């Protein structure tokens, strides 16, 4: 909380490495930023920095250069392309490779992209909602969106469970988007639901754009009725009842939380996914899986933590 003197400047570098494609270096920065964001005291000494898991020599040296100087020299040598690459990769469906290609082609503005760029179907939808998708909504709107999906789903089968996950479920005041997880306790009635449900939501004009339409994941765009409404990203994921706890866990996040849980499971010979916690997973020397293992029974999220030797954590306690 109190190290913003440092994190604020480190975040500029992390983002700069991210948009330029240097994904693992940006992962290092992102981790050290989360570490700093959860210490107890403001870091004041080189040796006090290296004590924190995720902060090494190079990162500690920058941490001191900020206290001795208030500024970090690296920030003055960030490529002039970075603001433009960030602009381009804030389009949904465009990442670092697409942004770098557009930059190499001489594009510098969203007007350039609009008029001259080659765009996928997803990216054109991303661009059309560029401003709207950079906004977080108040959680009260997220409730309305979840309620709209629930009511349409439960109209086909009142046995369907519907749970909004993500930052909503972690109790945040604003939500970048809404993910509604859908299952059925009977273990089979969840099947074949999309075609009807999405049609129901489509007929009223609530769904405005589809980005992904898979057998289990729908990603798209919605807008509530009336004036004053913005387009929002909506996900609907339909899973079998036995995978519900692992799905709830993944889709609730946070992303850094999921990755640290999965990294932990790997060290214990296990494998954790949005489908299941698996055991006796056989892997090779590069950490790649070769043998699948056995699915462990996880009727609730508490079981996942227990099977991993961890104290449970409420959704609100999973920011990192």
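Numbering follows the first chain given and starts at 1.
Chemist: Averaging only over Cα atoms, indicate whether 283-291 or 22-30 has the higher B-factor in the PDB entry.
Modeler: It is 283-291 that shows the higher mean C-alpha B-factor.
Chemist: Could you check which stretch, 153-161 or 118-126, carries the larger mean CA temperature factor in the entry?
Modeler: Taking the mean C-alpha B-factor of 153-161 and of 118-126, the larger value falls to 153-161.
Chemist: Compare the CA B factors listed in the entry for 255, 36, 276, 261 and report the winner.
Modeler: In this record, 36 carries the highest C-alpha B-factor of the candidates.
Chemist: Using only modelled residues of the chain, where does the Cα B factor of residue 74 rank: lowest third, middle third or highest third?
Modeler: Its C-alpha B-factor, which the entry lists for residue 74, ranks in the highest third among residues of this chain.
Chemist: Lowest, middle or highest third: where is residue 214 by C-alpha B factor in its chain?
Modeler: Ranked within chain, residue 214 CA B lands in the middle tercile.
Chemist: Going by what the PDB entry lists, where does residue 189 fall on CA B-factor within its chain: lowest, middle or highest third?
Modeler: CA B-factor rank for residue 189: highest third.
Chemist: Quick one: classify residue 111 as lowest, middle or highest third of the chain based on its Cα B-factor.
Modeler: Its C-alpha B-factor, which the entry lists for residue 111, ranks in the lowest third among residues of this chain.
Chemist: Using the B-factors in the PDB entry, rank residue 204's C-alpha atom against the chain and give the third, lowest, middle or highest.
Modeler: CA B-factor rank for residue 204: highest third.
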